[PDB]
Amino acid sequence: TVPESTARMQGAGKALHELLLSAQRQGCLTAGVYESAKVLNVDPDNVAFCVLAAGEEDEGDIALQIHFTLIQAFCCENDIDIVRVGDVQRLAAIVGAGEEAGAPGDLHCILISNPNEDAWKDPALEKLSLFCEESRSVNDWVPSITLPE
């Protein structure tokens, strides 16, 4: 069967897809490494979730990876759930500025913050939090989520 593709993992990917869309819709998604870093540096207290996205090429972009080292360390230090994802383009397609793209749709970092408008408390958030708990409990500290696709 497909590598890494369990029900747990299938569910995590679907939840993330949903969370990215609802977060975007509710205006509580931050897109971009520098935009994300600035929020984490200024006021991190409302970020519920972080996604780091790097393609195979991005693995040898030392600057990008060093930024990842910093964001990830910060997230761990501040108990913010964080997953890695290996398809940058798909991430961009799901969020704002996808579907075609003059100058590549390439976001390497997303923060999802709490909307509290009296808003929707997406259960997708909860499932993903559980997923990351499930990873820690098996000593996978930097968990990845695969395309259910």
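Residue positions are given as counts along the sequence shown, with the first one as 1.
*Asks:* Going by the average Cα B-factor in the PDB entry, point out whether 98-106 or 35-43 comes out higher.
*Replies:* Mean C-alpha B-factor is greater for 98-106.
*Asks:* Which is higher on average in the deposited entry, the C-alpha temperature factors of 118-126 or of 62-70?
*Replies:* Comparing 118-126 with 62-70, the higher mean C-alpha B-factor belongs to 118-126.
*Asks:* Looking at the temperature factor on the CA atom of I145, which third of the chain's modelled residues does it land in?
*Replies:* Lowest third - that is where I145 ends up once the chain's C-alpha B-factors are sorted.
*Asks:* Using the temperature factors of the C-alpha atoms in this entry, rank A54 within its chain: lowest, middle or highest third.
*Replies:* As the PDB entry reports it, the C-alpha B-factor of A54 lands in the lowest third of its chain.
*Asks:* Taking the C-alpha B-factors as the PDB entry records them, is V88 in the lowest, middle or highest third of its chain?
*Replies:* Its C-alpha B-factor belongs to the middle third of this chain's values.
*Asks:* By its CA B factor, does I82 count among the lowest, middle or highest third of the modelled residues in the chain?
*Replies:* Within its chain, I82 is a lowest-third residue by C-alpha B-factor, going by the deposited values.
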